[PDB]
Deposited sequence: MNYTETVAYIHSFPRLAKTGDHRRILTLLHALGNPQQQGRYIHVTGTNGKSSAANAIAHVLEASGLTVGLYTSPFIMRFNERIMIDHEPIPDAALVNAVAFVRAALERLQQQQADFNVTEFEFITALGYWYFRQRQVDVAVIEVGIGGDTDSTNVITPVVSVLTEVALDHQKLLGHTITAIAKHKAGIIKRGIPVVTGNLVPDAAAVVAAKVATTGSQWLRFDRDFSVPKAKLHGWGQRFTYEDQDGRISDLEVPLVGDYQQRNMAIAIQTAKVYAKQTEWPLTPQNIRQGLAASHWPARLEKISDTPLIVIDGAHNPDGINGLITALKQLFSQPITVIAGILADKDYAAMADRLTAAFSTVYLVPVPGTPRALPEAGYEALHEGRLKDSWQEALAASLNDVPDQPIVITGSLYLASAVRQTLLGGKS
């Protein structure tokens, strides 16, 4: 197969009953790559990808070759599997798919109805690839939950649980407790866990879990915190504090109050990793990693003149926090192009001068200022008020579509 056929092959896999027996069968065929090397395992309802990316950036700065298995914000497949933030090259992906396919075919020869899910195939490929390339550590983001996730076939150096919230209600459960219990599944015996300042129900689950595992638990706003933080350019200046002291006036080109938490989680986790592996990590490394970090489609200013911002804010509270973020960035009238119901559009028209409502591209258009597409809304705003800034937001698929179009 070529690259195109290879990606299509990956997307062709069936969705099957949800234990890890299927993926473990495949990983066995691949020489159990998941049993070798080192891992940082990351889960949470929000902030999981943010934390994982930052952790990788920091460890990379410190001189480690770091694998990163993530949900990308660019919509190209290769972006899910990175080494030092370089996506797996097309040719490497072709060869890796071919190798895992051969394993799979060998298994289906001994067990006629053996198969895996798409996520299972990709996860097995990722673990294998990271071992092939001999990364020092792989930062592994859970797909969903933790407990029953395909990624949960490793013993990490440290586990991370950013936060537990309603969002992922569909699969995990109807309560904070039920969802927390799934997430807590990535906490392992004697292995430290770094968490956000969890809501009471989730904190109670983690406390009980760590009581059984004997894990050191480092908790945001208990063991580590961000005592100082403010807007500084298109990003923030902040101070990190933990049991070892302070790292003063760090900078991250990332806006959002909740990003302070994610970045502190990342710093703490990197520090734990380094300590557990006897590896040097300095304040300069941390500073550089955060300074060099890239955040596609997170209040990303992709153009200066005209001023165009793309953002993947989606959660009906990541949009009320988008409003407050935008108010911190801008004092002057702006246009908002929102690819999104009712309350959200009223919340936006009330906060901002001009608000255009558009379809999310590559999504079934349902039955609901209004414009036929983001391009038309953008063309309208630029025609009418060329110097007025434009923010495109409300979706993950829109921000990616806009990015691909305006940046290469």
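Q: Which parts of the deposited chain sequence are absent from the coordinates, listed in sequence order?
A: Holes in the chain trace, numbered from 1: 19-20, 343-347, 376-385, 426-428.
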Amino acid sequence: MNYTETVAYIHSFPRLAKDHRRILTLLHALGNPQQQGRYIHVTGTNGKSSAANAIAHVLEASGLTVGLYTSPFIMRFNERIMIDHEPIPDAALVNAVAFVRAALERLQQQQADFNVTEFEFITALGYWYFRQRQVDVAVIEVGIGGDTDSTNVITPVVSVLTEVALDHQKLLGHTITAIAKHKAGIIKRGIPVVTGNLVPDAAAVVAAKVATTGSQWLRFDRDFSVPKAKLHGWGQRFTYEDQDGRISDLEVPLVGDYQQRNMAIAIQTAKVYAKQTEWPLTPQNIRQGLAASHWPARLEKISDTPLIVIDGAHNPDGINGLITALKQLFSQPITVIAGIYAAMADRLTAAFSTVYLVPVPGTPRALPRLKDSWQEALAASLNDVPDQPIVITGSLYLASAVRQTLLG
From here on, numbers count along this sequence of modelled residues.
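Q: Going by the average Cα B-factor in the PDB entry, point out whether 76-84 or 128-136 comes out higher.
A: It is 76-84 that shows the higher mean C-alpha B-factor.
Q: Mind pulling up the entry and telling me whether 357-365 or 61-69 has the higher mean Cα temperature factor?
A: Per the PDB entry, the higher value belongs to 357-365.
Q: For the CA B factor values reported in this entry, which option in 371, 28, 41, 38 has the top one?
A: Going by the entry's C-alpha B-factors, 371 comes out highest.
Q: Check the PDB entry and point out which of 169, 262, 282, 335 has the largest C-alpha temperature factor.
A: Out of 169, 262, 282, 335, the record gives the largest C-alpha B-factor to 169.
Q: Please place residue 113 in the lowest, middle or highest third of its chain by C-alpha B factor as given in the entry.
A: As the PDB entry reports it, the C-alpha B-factor of residue 113 lands in the highest third of its chain.
Q: For the chain shown, is the CA B-factor of residue 257 in the lowest, middle or highest third of its modelled residues?
A: Answer is highest: the recorded C-alpha B-factor places it there.
Q: Which third of the chain does residue 379 land in by C-alpha B-factor: lowest, middle or highest?
A: As the PDB entry reports it, the C-alpha B-factor of residue 379 lands in the middle third of its chain.
Q: Compared with the other modelled residues in the chain, in which third is the CA B-factor of residue 271?
A: Within its chain, residue 271 is a lowest-third residue by C-alpha B-factor, going by the deposited values.
Q: If you rank every modelled residue in this chain by C-alpha B factor, which third holds residue 223: lowest, middle or highest?
A: CA B-factor rank for residue 223: lowest third.
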